[PDB]
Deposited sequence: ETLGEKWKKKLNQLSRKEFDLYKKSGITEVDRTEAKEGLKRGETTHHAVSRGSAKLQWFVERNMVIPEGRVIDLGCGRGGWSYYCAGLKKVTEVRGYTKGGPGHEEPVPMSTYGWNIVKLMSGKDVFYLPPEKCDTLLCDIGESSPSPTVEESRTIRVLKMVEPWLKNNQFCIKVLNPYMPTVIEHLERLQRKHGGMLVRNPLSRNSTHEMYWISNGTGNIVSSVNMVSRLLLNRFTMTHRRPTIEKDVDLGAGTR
């Protein structure tokens, strides 16, 4: 049994009180106060629509994925990854999201480069034919107390994304990366498309998610086990308040 399974088993034993203190212990987060306040007032400039803009910015600013040309954003939700890419110097952003009951709807914004963005709700990516693009982003993977449900969801995402991969820049969420069948798929995918699995410091401890990014190399099993050990160790000590960082200012204007 994997270190990830032992982490999931321990996470599932936590009381709501314990879970809420564990989930942010020692993580990094952006202060969303100003953005939430502005969004509640219907302000359409500067503010990121979600924590997602800062989450993707973390990989981009480290050259792990370098968005360029036509960007496809799978599971765009409110549009945080889309509006962030829209301001990047290297042309078009197309976001798809399911929407409807229990899902986020795209939020219309006037942040920098809004005019090159089209977000489409009512779209289940599991029924979409692949489109030509220069950057493929995917942030899909719903957490579940069941690791076997999470394993099925992760494989489904990895099988779905592959036909969109054609020597392009990519950043794909891998919800549950520790299950041996997931590792098998990731290893096969890394041999063909390259890239590496990376843990984002903005991820909560309540998810084992890692992202498969195009610009990197490394041992997937080693990176996964290092994350399992990190998350397991964070159950040991009293809550460490999260490291607080500034949220992104996405500005205003057309491109």
{"item": "Deposited residues without C-alpha coordinates, grouped into stretches that follow sequence order", "value": "91"}
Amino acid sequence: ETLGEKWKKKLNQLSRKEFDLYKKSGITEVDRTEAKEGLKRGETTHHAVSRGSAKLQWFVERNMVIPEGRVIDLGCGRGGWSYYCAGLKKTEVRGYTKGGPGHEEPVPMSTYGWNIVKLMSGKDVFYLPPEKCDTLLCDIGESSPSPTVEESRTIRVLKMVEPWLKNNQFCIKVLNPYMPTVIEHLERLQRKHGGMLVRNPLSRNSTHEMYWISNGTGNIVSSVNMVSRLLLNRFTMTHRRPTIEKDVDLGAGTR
From here on, numbers count along this sequence of modelled residues.
query: 198-206 versus 31-39 - greater average Cα B-factor per the deposited record; finding: 31-39
query: 171-179 versus 111-119 - greater average Cα B-factor per the deposited record; finding: 111-119
query: Peak C-alpha temperature factor (PDB record), options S222, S50, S228, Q57; finding: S222
query: Within-chain third of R78 by Cα B-factor, per the entry; finding: lowest
query: Ranked against its chain, the third holding the CA B-factor of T154; finding: lowest
query: Chain third (lowest, middle, highest) by recorded CA B-factor, residue given as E245; finding: middle
query: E131 CA temperature factor, ranked by third within the chain; finding: highest
query: Third of chain Cα B-factors occupied by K23; finding: lowest
